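*Asks:* Provided herewith: target27.txt, compact mmCIF, C-alpha atoms and all ligand atoms.
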# COMPACT_ATOMS: atom_id res chain seq x y z
CA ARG A 1 29.20 -22.17 109.60
CA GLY A 2 31.69 -22.24 106.71
CA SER A 3 30.38 -20.37 103.70
CA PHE A 4 32.25 -20.67 100.38
CA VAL A 5 30.25 -18.40 98.11
CA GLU A 6 32.87 -18.37 95.32
CA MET A 7 32.40 -22.15 95.13
CA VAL A 8 28.68 -22.69 95.82
CA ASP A 9 26.93 -23.40 92.51
CA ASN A 10 30.14 -23.90 90.53
CA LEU A 11 28.88 -27.11 88.82
CA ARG A 12 26.65 -27.88 85.89
CA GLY A 13 25.34 -30.97 84.15
CA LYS A 14 23.16 -33.94 85.11
CA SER A 15 23.57 -37.58 86.13
CA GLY A 16 23.12 -38.79 82.57
CA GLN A 17 25.95 -36.68 81.11
CA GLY A 18 28.17 -35.94 84.08
CA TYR A 19 28.73 -32.93 86.34
CA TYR A 20 31.52 -30.51 85.40
CA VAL A 21 33.45 -27.55 86.77
CA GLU A 22 35.17 -24.77 84.87
CA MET A 23 38.97 -24.87 84.89
CA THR A 24 41.86 -23.03 83.20
CA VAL A 25 45.06 -24.60 81.88
CA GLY A 26 48.20 -22.87 80.49
CA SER A 27 49.49 -19.29 80.17
CA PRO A 28 47.56 -17.30 79.11
CA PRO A 29 44.65 -19.30 80.67
CA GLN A 30 42.73 -21.66 78.35
CA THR A 31 39.15 -22.19 79.69
CA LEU A 32 37.75 -25.75 79.67
CA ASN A 33 34.82 -27.57 81.23
CA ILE A 34 36.01 -30.53 83.25
CA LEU A 35 34.06 -33.58 84.44
CA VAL A 36 34.28 -34.09 88.19
CA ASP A 37 35.24 -37.78 88.67
CA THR A 38 35.85 -39.36 92.11
CA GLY A 39 36.22 -42.81 90.48
CA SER A 40 39.54 -42.06 88.69
CA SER A 41 42.84 -40.24 89.27
CA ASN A 42 44.01 -38.66 85.99
CA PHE A 43 43.56 -35.03 85.00
CA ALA A 44 43.03 -35.48 81.27
CA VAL A 45 41.87 -32.97 78.68
CA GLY A 46 40.92 -32.91 75.02
CA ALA A 47 44.03 -31.63 73.25
CA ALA A 48 43.13 -32.11 69.55
CA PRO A 49 39.99 -31.46 67.43
CA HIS A 50 37.19 -33.97 67.77
CA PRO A 51 33.67 -33.70 66.34
CA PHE A 52 32.11 -33.57 69.86
CA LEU A 53 34.55 -31.07 71.33
CA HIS A 54 33.72 -27.36 71.24
CA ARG A 55 37.27 -26.49 72.37
CA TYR A 56 40.53 -28.11 73.47
CA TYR A 57 43.87 -27.59 75.13
CA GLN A 58 46.45 -26.03 72.78
CA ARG A 59 49.88 -26.84 74.26
CA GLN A 60 51.74 -24.74 71.63
CA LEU A 61 49.90 -21.65 72.89
CA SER A 62 50.93 -22.10 76.47
CA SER A 63 54.22 -20.56 77.60
CA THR A 64 54.21 -22.65 80.82
CA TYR A 65 53.59 -26.02 79.13
CA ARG A 66 56.16 -28.74 80.03
CA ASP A 67 56.39 -31.90 77.95
CA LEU A 68 57.00 -35.15 79.93
CA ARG A 69 57.80 -37.04 76.68
CA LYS A 70 55.63 -40.03 77.68
CA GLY A 71 52.38 -41.43 76.33
CA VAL A 72 49.47 -42.88 78.28
CA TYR A 73 46.76 -45.29 77.11
CA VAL A 74 43.51 -45.41 79.12
CA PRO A 75 40.88 -47.94 78.08
CA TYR A 76 37.56 -48.10 79.93
CA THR A 77 34.92 -50.89 79.63
CA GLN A 78 33.09 -48.56 77.27
CA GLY A 79 35.35 -46.12 75.41
CA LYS A 80 39.05 -45.31 75.48
CA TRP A 81 41.66 -42.64 74.98
CA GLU A 82 45.34 -42.04 74.39
CA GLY A 83 47.34 -38.98 75.34
CA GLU A 84 50.66 -37.30 75.96
CA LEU A 85 51.73 -36.44 79.49
CA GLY A 86 52.86 -32.98 80.43
CA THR A 87 52.57 -30.36 83.13
CA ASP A 88 51.06 -26.84 83.15
CA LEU A 89 49.67 -24.24 85.46
CA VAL A 90 46.02 -24.91 86.34
CA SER A 91 43.32 -22.93 88.18
CA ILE A 92 39.64 -23.35 89.05
CA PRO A 93 38.02 -19.86 88.60
CA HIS A 94 35.12 -20.66 90.93
CA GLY A 95 37.41 -22.47 93.37
CA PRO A 96 40.14 -21.52 95.86
CA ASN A 97 42.29 -18.59 94.87
CA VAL A 98 45.35 -20.54 93.79
CA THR A 99 47.22 -21.77 90.73
CA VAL A 100 49.14 -25.02 90.82
CA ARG A 101 51.40 -26.88 88.46
CA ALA A 102 49.79 -30.18 87.71
CA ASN A 103 50.08 -33.27 85.52
CA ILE A 104 47.92 -33.13 82.42
CA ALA A 105 47.16 -35.98 80.04
CA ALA A 106 46.70 -34.17 76.73
CA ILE A 107 44.20 -36.41 74.86
CA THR A 108 45.13 -36.75 71.14
CA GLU A 109 42.97 -39.74 70.23
CA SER A 110 39.81 -41.26 71.64
CA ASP A 111 37.03 -43.71 70.81
CA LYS A 112 33.50 -43.52 72.28
CA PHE A 113 34.68 -41.32 75.15
CA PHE A 114 33.56 -37.80 74.38
CA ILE A 115 29.78 -37.52 74.30
CA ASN A 116 27.86 -35.38 71.83
CA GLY A 117 26.57 -32.34 73.74
CA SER A 118 28.01 -33.21 77.20
CA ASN A 119 29.53 -29.73 77.39
CA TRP A 120 32.75 -31.01 78.98
CA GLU A 121 36.17 -31.35 77.38
CA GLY A 122 38.13 -33.31 79.99
CA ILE A 123 38.03 -35.19 83.28
CA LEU A 124 39.27 -34.42 86.73
CA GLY A 125 40.13 -37.67 88.54
CA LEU A 126 39.88 -36.85 92.24
CA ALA A 127 40.81 -40.32 93.63
CA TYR A 128 44.30 -41.48 94.71
CA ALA A 129 47.71 -42.12 92.97
CA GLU A 130 47.45 -45.94 93.19
CA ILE A 131 44.92 -46.01 90.28
CA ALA A 132 46.56 -43.22 88.21
CA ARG A 133 47.70 -44.16 84.69
CA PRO A 134 50.41 -45.07 83.59
CA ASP A 135 51.36 -45.82 87.19
CA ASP A 136 51.27 -44.34 90.69
CA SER A 137 54.18 -41.99 90.15
CA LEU A 138 51.90 -39.55 88.21
CA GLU A 139 50.74 -37.25 90.99
CA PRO A 140 46.88 -36.63 90.82
CA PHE A 141 45.61 -33.05 90.65
CA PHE A 142 44.25 -32.89 94.21
CA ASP A 143 47.59 -34.14 95.60
CA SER A 144 49.46 -31.35 93.73
CA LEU A 145 46.91 -28.80 94.93
CA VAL A 146 47.36 -29.72 98.59
CA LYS A 147 51.15 -30.03 98.28
CA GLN A 148 51.62 -26.64 96.64
CA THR A 149 49.08 -24.60 98.64
CA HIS A 150 47.46 -24.20 102.05
CA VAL A 151 44.14 -25.69 100.81
CA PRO A 152 43.00 -28.16 103.49
CA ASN A 153 43.11 -31.81 102.26
CA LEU A 154 39.32 -32.20 101.85
CA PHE A 155 36.63 -31.57 99.22
CA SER A 156 32.86 -31.92 99.22
CA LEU A 157 30.27 -32.49 96.50
CA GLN A 158 26.59 -31.57 96.15
CA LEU A 159 25.30 -32.92 92.83
CA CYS A 160 21.82 -31.45 92.12
CA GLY A 161 19.48 -33.60 90.00
CA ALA A 162 16.56 -31.52 88.61
CA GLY A 163 13.97 -34.27 89.06
CA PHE A 164 12.82 -33.64 85.47
CA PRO A 165 14.65 -33.67 82.14
CA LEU A 166 16.69 -30.68 80.96
CA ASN A 167 17.08 -29.69 77.27
CA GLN A 168 20.49 -28.33 76.27
CA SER A 169 19.64 -24.66 76.79
CA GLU A 170 18.29 -25.44 80.27
CA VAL A 171 21.22 -27.68 81.17
CA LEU A 172 23.65 -24.83 80.22
CA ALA A 173 21.62 -22.29 82.10
CA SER A 174 20.86 -24.30 85.25
CA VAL A 175 23.04 -24.63 88.36
CA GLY A 176 23.98 -28.31 88.69
CA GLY A 177 25.59 -28.21 92.14
CA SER A 178 28.68 -27.33 94.17
CA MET A 179 32.21 -28.62 94.52
CA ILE A 180 33.68 -27.09 97.65
CA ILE A 181 37.48 -27.42 97.54
CA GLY A 182 39.10 -27.44 100.99
CA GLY A 183 35.91 -27.24 103.05
CA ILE A 184 32.32 -28.02 104.07
CA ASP A 185 29.51 -25.53 103.29
CA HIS A 186 26.74 -25.92 105.91
CA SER A 187 24.09 -24.47 103.61
CA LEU A 188 24.31 -27.48 101.26
CA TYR A 189 22.88 -30.05 103.70
CA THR A 190 20.31 -30.60 106.46
CA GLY A 191 20.62 -32.85 109.53
CA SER A 192 23.94 -34.32 110.68
CA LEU A 193 26.97 -35.42 108.72
CA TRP A 194 27.74 -39.12 109.36
CA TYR A 195 31.20 -40.57 108.43
CA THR A 196 32.34 -43.93 107.08
CA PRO A 197 36.08 -44.86 106.99
CA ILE A 198 37.93 -44.86 103.68
CA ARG A 199 38.95 -48.50 103.72
CA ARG A 200 42.06 -47.99 101.50
CA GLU A 201 43.24 -44.94 99.55
CA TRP A 202 42.95 -45.96 95.93
CA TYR A 203 39.35 -45.43 94.90
CA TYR A 204 37.18 -43.89 97.54
CA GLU A 205 36.48 -47.37 98.91
CA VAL A 206 33.87 -47.96 101.57
CA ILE A 207 32.20 -50.85 103.38
CA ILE A 208 28.42 -51.56 103.21
CA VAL A 209 27.25 -53.72 106.13
CA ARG A 210 23.48 -54.08 105.47
CA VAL A 211 20.95 -53.35 102.72
CA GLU A 212 17.20 -52.83 103.16
CA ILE A 213 14.40 -52.37 100.67
CA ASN A 214 11.49 -50.63 102.40
CA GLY A 215 12.94 -51.68 105.76
CA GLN A 216 13.17 -55.33 104.76
CA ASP A 217 16.66 -56.81 105.06
CA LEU A 218 18.11 -58.10 101.78
CA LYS A 219 19.74 -60.65 104.09
CA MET A 220 22.84 -61.53 102.12
CA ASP A 221 26.24 -62.27 103.56
CA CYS A 222 27.58 -58.71 103.82
CA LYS A 223 30.73 -59.63 101.86
CA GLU A 224 28.43 -59.81 98.84
CA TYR A 225 27.67 -56.07 99.12
CA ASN A 226 31.36 -55.26 98.74
CA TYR A 227 32.42 -57.85 96.21
CA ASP A 228 35.03 -57.07 95.10
CA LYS A 229 34.90 -53.43 96.39
CA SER A 230 32.38 -50.64 97.06
CA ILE A 231 33.24 -47.13 95.97
CA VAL A 232 31.78 -43.62 95.79
CA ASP A 233 32.06 -42.53 92.10
CA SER A 234 30.72 -39.22 90.70
CA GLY A 235 31.86 -40.25 87.20
CA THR A 236 29.37 -43.15 86.93
CA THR A 237 25.64 -42.47 86.37
CA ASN A 238 24.00 -45.40 88.15
CA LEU A 239 23.98 -47.17 91.44
CA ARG A 240 25.85 -50.29 90.34
CA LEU A 241 25.53 -53.52 92.32
CA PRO A 242 27.45 -56.81 92.21
CA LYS A 243 25.48 -59.33 90.08
CA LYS A 244 24.11 -61.35 93.03
CA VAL A 245 23.09 -58.23 94.97
CA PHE A 246 21.63 -56.63 91.87
CA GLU A 247 19.41 -59.72 91.29
CA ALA A 248 18.30 -59.85 94.92
CA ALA A 249 17.56 -56.11 94.99
CA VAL A 250 15.67 -56.10 91.69
CA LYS A 251 13.60 -59.08 92.88
CA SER A 252 12.72 -57.08 96.01
CA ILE A 253 12.03 -53.76 94.18
CA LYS A 254 9.72 -55.63 91.71
CA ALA A 255 7.82 -57.22 94.62
CA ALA A 256 7.28 -53.90 96.47
CA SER A 257 6.18 -52.12 93.27
CA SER A 258 4.16 -55.02 91.93
CA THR A 259 0.78 -53.21 91.70
CA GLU A 260 2.25 -52.08 88.37
CA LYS A 261 4.21 -54.26 85.91
CA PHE A 262 7.03 -53.09 83.70
CA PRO A 263 8.96 -54.38 80.64
CA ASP A 264 12.12 -56.40 81.24
CA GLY A 265 13.94 -53.62 79.35
CA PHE A 266 12.99 -51.16 82.10
CA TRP A 267 14.62 -53.28 84.84
CA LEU A 268 17.65 -53.81 82.54
CA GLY A 269 18.07 -50.05 82.55
CA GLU A 270 17.57 -49.86 78.82
CA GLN A 271 14.06 -48.55 78.26
CA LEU A 272 12.14 -45.60 79.64
CA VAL A 273 8.76 -45.83 81.33
CA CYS A 274 6.34 -42.92 81.06
CA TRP A 275 3.42 -41.71 83.08
CA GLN A 276 0.89 -39.02 82.39
CA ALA A 277 2.10 -35.57 83.45
CA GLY A 278 2.36 -35.23 87.26
CA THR A 279 1.10 -38.75 88.00
CA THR A 280 4.39 -40.67 88.60
CA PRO A 281 3.39 -43.10 91.39
CA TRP A 282 6.44 -42.55 93.60
CA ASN A 283 4.66 -44.26 96.54
CA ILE A 284 4.54 -47.70 94.90
CA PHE A 285 8.35 -47.81 94.65
CA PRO A 286 10.35 -48.70 97.80
CA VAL A 287 13.03 -46.72 99.56
CA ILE A 288 16.55 -48.25 99.53
CA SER A 289 18.78 -48.07 102.61
CA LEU A 290 22.52 -48.77 102.57
CA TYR A 291 24.13 -49.10 106.00
CA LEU A 292 27.77 -48.07 106.10
CA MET A 293 30.46 -48.94 108.63
CA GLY A 294 30.79 -46.11 111.14
CA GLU A 295 33.85 -44.56 112.78
CA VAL A 296 32.98 -45.98 116.24
CA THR A 297 33.60 -49.68 116.95
CA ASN A 298 30.39 -51.72 116.36
CA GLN A 299 28.43 -48.77 115.08
CA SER A 300 26.98 -48.15 111.65
CA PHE A 301 24.61 -45.61 110.15
CA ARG A 302 22.38 -45.70 107.10
CA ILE A 303 21.65 -43.58 104.05
CA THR A 304 18.18 -43.89 102.51
CA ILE A 305 17.31 -43.02 98.93
CA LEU A 306 14.00 -42.54 97.16
CA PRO A 307 12.78 -43.66 93.76
CA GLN A 308 13.18 -39.92 92.97
CA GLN A 309 16.94 -40.76 93.14
CA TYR A 310 17.03 -44.16 91.47
CA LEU A 311 14.57 -43.32 88.67
CA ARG A 312 16.49 -41.09 86.28
CA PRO A 313 14.34 -38.43 84.49
CA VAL A 314 14.66 -38.77 80.68
CA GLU A 315 12.99 -36.91 77.79
CA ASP A 316 10.22 -38.77 75.96
CA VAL A 317 10.86 -40.32 72.50
CA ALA A 318 7.47 -38.87 71.33
CA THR A 319 8.68 -35.72 73.15
CA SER A 320 5.05 -35.61 74.65
CA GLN A 321 4.10 -34.14 78.04
CA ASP A 322 4.58 -37.38 79.95
CA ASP A 323 7.04 -37.74 82.84
CA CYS A 324 9.53 -40.42 81.81
CA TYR A 325 12.33 -42.28 83.60
CA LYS A 326 14.96 -44.92 83.26
CA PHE A 327 15.78 -47.39 86.09
CA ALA A 328 19.18 -46.15 87.30
CA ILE A 329 20.32 -49.28 89.16
CA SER A 330 22.38 -51.82 87.22
CA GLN A 331 24.63 -54.79 87.60
CA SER A 332 28.36 -54.61 87.99
CA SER A 333 31.17 -57.15 87.88
CA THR A 334 33.56 -54.66 89.51
CA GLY A 335 31.71 -54.26 92.82
CA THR A 336 29.27 -51.65 94.17
CA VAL A 337 29.39 -48.22 92.62
CA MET A 338 27.57 -45.38 94.33
CA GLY A 339 27.17 -43.25 91.22
CA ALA A 340 25.80 -39.79 90.47
CA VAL A 341 22.14 -40.74 91.07
CA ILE A 342 22.88 -41.81 94.69
CA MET A 343 25.13 -38.79 95.27
CA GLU A 344 22.25 -36.54 94.15
CA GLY A 345 20.47 -37.51 97.40
CA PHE A 346 23.39 -36.42 99.61
CA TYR A 347 26.03 -33.89 100.37
CA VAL A 348 29.18 -35.96 100.29
CA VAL A 349 32.31 -35.00 102.11
CA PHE A 350 35.53 -36.49 100.89
CA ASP A 351 37.61 -36.02 104.04
CA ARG A 352 40.99 -37.18 102.86
CA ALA A 353 42.90 -35.77 105.87
CA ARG A 354 40.95 -37.94 108.25
CA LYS A 355 40.51 -40.82 105.77
CA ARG A 356 36.68 -40.82 105.91
CA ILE A 357 33.65 -39.96 103.83
CA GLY A 358 30.74 -37.98 105.23
CA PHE A 359 27.14 -38.14 104.16
CA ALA A 360 24.28 -35.72 104.91
CA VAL A 361 20.85 -35.25 103.31
CA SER A 362 21.29 -32.88 100.41
CA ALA A 363 19.62 -29.44 100.53
CA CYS A 364 18.83 -29.91 96.81
CA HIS A 365 17.57 -33.56 96.80
CA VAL A 366 14.33 -34.38 94.93
CA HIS A 367 11.49 -35.82 97.06
CA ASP A 368 7.72 -35.57 97.64
CA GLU A 369 5.30 -34.45 100.39
CA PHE A 370 5.46 -37.86 102.08
CA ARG A 371 9.10 -39.05 102.20
CA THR A 372 12.59 -37.56 101.99
CA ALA A 373 16.04 -39.00 101.71
CA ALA A 374 17.68 -39.67 105.08
CA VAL A 375 20.96 -40.22 106.83
CA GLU A 376 20.35 -41.84 110.23
CA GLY A 377 22.23 -43.54 113.11
CA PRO A 378 23.72 -45.08 115.17
CA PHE A 379 22.99 -48.80 114.82
CA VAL A 380 24.81 -51.50 116.76
CA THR A 381 26.46 -53.66 114.10
CA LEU A 382 29.00 -56.46 114.74
CA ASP A 383 31.87 -57.95 112.72
CA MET A 384 31.83 -55.13 110.19
CA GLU A 385 35.43 -55.50 108.96
CA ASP A 386 34.38 -59.02 107.87
CA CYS A 387 32.12 -57.32 105.29
CA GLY A 388 35.27 -56.15 103.46
CA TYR A 389 36.44 -58.37 100.62
CA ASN A 390 40.06 -59.53 100.24
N1 LIG B 1 34.72 -43.17 87.25
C1 LIG B 1 35.02 -43.50 86.01
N2 LIG B 1 35.73 -42.68 85.24
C2 LIG B 1 36.09 -42.90 83.84
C3 LIG B 1 36.13 -41.56 83.10
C4 LIG B 1 34.76 -40.91 83.11
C5 LIG B 1 33.70 -41.77 82.41
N3 LIG B 1 32.40 -41.19 82.64
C6 LIG B 1 31.68 -40.52 81.68
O1 LIG B 1 32.09 -40.25 80.56
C7 LIG B 1 30.31 -40.15 82.09
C8 LIG B 1 29.32 -40.06 81.13
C9 LIG B 1 28.02 -39.74 81.50
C10 LIG B 1 27.73 -39.50 82.82
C11 LIG B 1 28.73 -39.59 83.78
CL1 LIG B 1 28.37 -39.30 85.44
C12 LIG B 1 30.02 -39.92 83.42
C13 LIG B 1 33.68 -43.19 82.96
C14 LIG B 1 35.08 -43.77 83.11
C15 LIG B 1 35.08 -45.14 83.75
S1 LIG B 1 34.43 -45.03 85.44
What's the structure tokens form of this structure?
*Replies:*
Amino acid sequence: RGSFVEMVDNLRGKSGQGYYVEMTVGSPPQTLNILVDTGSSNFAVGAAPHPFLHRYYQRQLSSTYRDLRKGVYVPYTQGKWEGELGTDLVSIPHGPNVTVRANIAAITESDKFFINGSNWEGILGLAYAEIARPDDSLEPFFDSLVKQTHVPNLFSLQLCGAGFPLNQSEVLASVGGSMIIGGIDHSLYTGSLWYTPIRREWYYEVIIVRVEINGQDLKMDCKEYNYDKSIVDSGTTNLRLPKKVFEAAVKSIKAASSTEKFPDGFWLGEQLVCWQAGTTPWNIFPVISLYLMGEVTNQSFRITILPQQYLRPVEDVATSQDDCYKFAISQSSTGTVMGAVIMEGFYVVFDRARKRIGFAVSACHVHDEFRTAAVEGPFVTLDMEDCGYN
């Protein structure tokens, strides 16, 4: 019955623009909004004016700033930045009551990284040292936090999708979810928490052992589901699937929803589809179940998501009264990515101390009168470690 009221509701944002938490850096404290990112391992903040930044880190104004006299260059598939490494004192106001000295990449140049109107000015990489830039000697924030305090080595995330689009006033005003640092808040989920092992501590890597679309088995060699890895990543919008899986899944989703036909651009994730107010035909779209390796030998469990999760609400071009959505599943050449739109269905427990990730149905997940998201088990499943790619 852990309650963490200082932390409940400490997030804002939306799957399309990222979820962020308020943080302070430096002495006296400089307030910044920071993207919560389980798919990376650098704490990096805007440190120089940029047209899309409303504020930034001013190292010269901080008496506790330490310069590491080393640059870092961080290119992504889309976008990139460069920065200067340093350390400073850092707190999370709606977090545990602690201040820690942590590595900070002070971003001085960037290209297609900051997003007009995102409302965040930096990123908090919550994954492990192995994928930190420049190399694995740069201790990640969470590692400093646990080393320097008594905060238990665990965090949990409830990302709350509205189920409808939010204009910028609403998105600033609305509670977007909870990051619970050092614990599990029982009010953020229903049902049981089920756990999957962290396969290796770099990304939050997991193993998927079966996929179903409306109960029907996708029936691929399970290695395909994890080629070349499967990760849980709050800093990616979509559910991303390896090319072959993506194709198979889209074929199956088209077939189940085939009473209605959509543009190729919809399935490519590029164009919106709109229905008359209140008439979105949720029931024609299938549920998607991912089975994950369990903690017990030969046992798995499954998480089930709705189209309310994988159809991302977007504002109309004509700005009409229609309910509009983009298809939030896309192909990946870097393995499966369980992005923000999947995490919106679940309360996700990143149990680093026990090297496992928990899932439970989210208390804030969007659904309808007839179906809800689910986390169910156990299932007898054999040869699961063979699903892992090498
Ligand atoms: N996990 C990853 N992290 C890095 C840094 C965050 C960035 N994400 C965003 O800007 C962003 C933009 C809009 C929505 C969301 Cl959820 C995130 C991606 C890259 C590559 S993948």
*Asks:* Let me have all residues with an atom within 7 Å of ligand LIG 1 (chain B), counting only C-alpha atoms and all ligand atoms, laid out as a list in words.
*Replies:*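 The distance check yields residues 15, 16, 17, 18, 19, 37, 38, 39, 40, 76, 113, 114, 123, 233, 234, 235, 236, 237 and 340 of chain A.
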*Asks:* Near region 175-177 of chain A, within 7 Å and counting all atoms listed in the file, which residues show up once chain neighbours fewer than 5 positions away are dropped, as a PyMOL selection string?
*Replies:* chain A and resi 9-14+158-160
*Asks:* Would you kindly return, as an mmCIF file with C-alpha atoms, in the frame of the given file, each protein, DNA or RNA residue with an atom no farther than 6 Å from any atom of region 310-319 of chain A, considering only C-alpha atoms and excluding same-chain residues fewer than 5 positions away?
*Replies:*
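What landed in part.cif:
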data_model
loop_
_atom_site.group_PDB
_atom_site.id
_atom_site.type_symbol
_atom_site.label_atom_id
_atom_site.label_comp_id
_atom_site.auth_asym_id
_atom_site.auth_seq_id
_atom_site.Cartn_x
_atom_site.Cartn_y
_atom_site.Cartn_z
ATOM 1 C CA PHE A 164 12.820 -33.640 85.470
ATOM 2 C CA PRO A 165 14.650 -33.670 82.140
ATOM 3 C CA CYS A 324 9.530 -40.420 81.810
ATOM 4 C CA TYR A 325 12.330 -42.280 83.600
ATOM 5 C CA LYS A 326 14.960 -44.920 83.260
ATOM 6 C CA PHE A 327 15.780 -47.390 86.090
ATOM 7 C CA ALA A 328 19.180 -46.150 87.300
#
*Asks:* Anything within 7 Å of (54.7, -34.1, 80.2): list those residues as a compact mmCIF listing (two decimals) with C-alpha atoms, in the coordinates of the input, counting all atoms listed in the file and sticking to the file's coordinates.
*Replies:*
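Everything below was put into point.txt:
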# COMPACT_ATOMS: atom_id res chain seq x y z
CA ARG A 66 56.16 -28.74 80.03
CA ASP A 67 56.39 -31.90 77.95
CA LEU A 68 57.00 -35.15 79.93
CA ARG A 69 57.80 -37.04 76.68
CA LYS A 70 55.63 -40.03 77.68
CA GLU A 84 50.66 -37.30 75.96
CA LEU A 85 51.73 -36.44 79.49
CA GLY A 86 52.86 -32.98 80.43
CA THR A 87 52.57 -30.36 83.13
*Asks:* Rank A:208, A:305, A:131, A:249 by their smallest atom-to-atom distance to residue 41 (chain A), using all atoms listed in the file, and report the top residue only.
*Replies:*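 Answer, going by the shortest atom-to-atom distance: A:131.
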*Asks:* Find the distance between CA of residue 173 (chain A) and CA of residue 359 (chain A) and write it in Å to one decimal.
*Replies:*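 So the answer is 27.7 Å.
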*Asks:* Tell me which protein, DNA and RNA residues are within 12 Å of region 352-356 of chain A, counting only C-alpha atoms, leaving out same-chain ones fewer than 2 positions away, and put them as a count of residues only.
*Replies:* 40
*Asks:* Considering all atoms listed in the file, can you say which of A:289, A:238, A:148, A:258 comes closest to residue 337 (chain A)?
*Replies:* A:238
*Asks:* Can you tell me, as a VMD selection string, what residues are no more than 12 Å from residue 259 (chain A) when counting all atoms listed in the file, ignoring any on the same chain fewer than 5 positions away?
*Replies:* chain A and resid 253 to 254 281 283 to 285
*Asks:* Could the residues in this selection be saved with C-alpha atoms as a short mmCIF file (atom, residue, chain, number, x, y, z; two decimals), in the coordinates of the input?
*Replies:*
data_model
loop_
_atom_site.label_atom_id
_atom_site.label_comp_id
_atom_site.auth_asym_id
_atom_site.auth_seq_id
_atom_site.Cartn_x
_atom_site.Cartn_y
_atom_site.Cartn_z
CA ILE A 253 12.03 -53.76 94.18
CA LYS A 254 9.72 -55.63 91.71
CA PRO A 281 3.39 -43.10 91.39
CA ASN A 283 4.66 -44.26 96.54
CA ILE A 284 4.54 -47.70 94.90
CA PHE A 285 8.35 -47.81 94.65
#
*Asks:* Using all atoms listed in the file, what residues lie at most 8 Å away from (6.5, -34.6, 82.6) (file coordinates), given as a list in words?
*Replies:*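 All residues meeting the 8 Å criterion around (6.5, -34.6, 82.6) are residues 164, 275, 276, 277, 278, 321, 322, 323 and 324 of chain A.
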*Asks:* In Å, rounded to a single decimal, give me how far CA of residue 245 (chain A) is from CA of residue 75 (chain A).
*Replies:* 26.6 Å
*Asks:* Using only C-alpha atoms, which of A:374, A:100, A:341, A:166 sits nearest residue 140 (chain A)?
*Replies:*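 Ranking A:374, A:100, A:341, A:166 by distance to residue 140 (chain A), first place goes to A:100.
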*Asks:* When you count only C-alpha atoms, which of these residues is closest to residue 243 (chain A): A:73, A:43, A:52, A:227?
*Replies:*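 Ranking A:73, A:43, A:52, A:227 by distance to residue 243 (chain A), first place goes to A:227.
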*Asks:* Rank nothing, just name the residue among A:385, A:212, A:185, A:88 nearest to residue 291 (chain A), using all atoms listed in the file.
*Replies:*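 Among the listed residues, A:212 lies closest to residue 291 (chain A).
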*Asks:* For residue 108 (chain A), which of A:124, A:46, A:149, A:282 is the closest residue, counting only C-alpha atoms?
*Replies:*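 Ranking A:124, A:46, A:149, A:282 by distance to residue 108 (chain A), first place goes to A:46.
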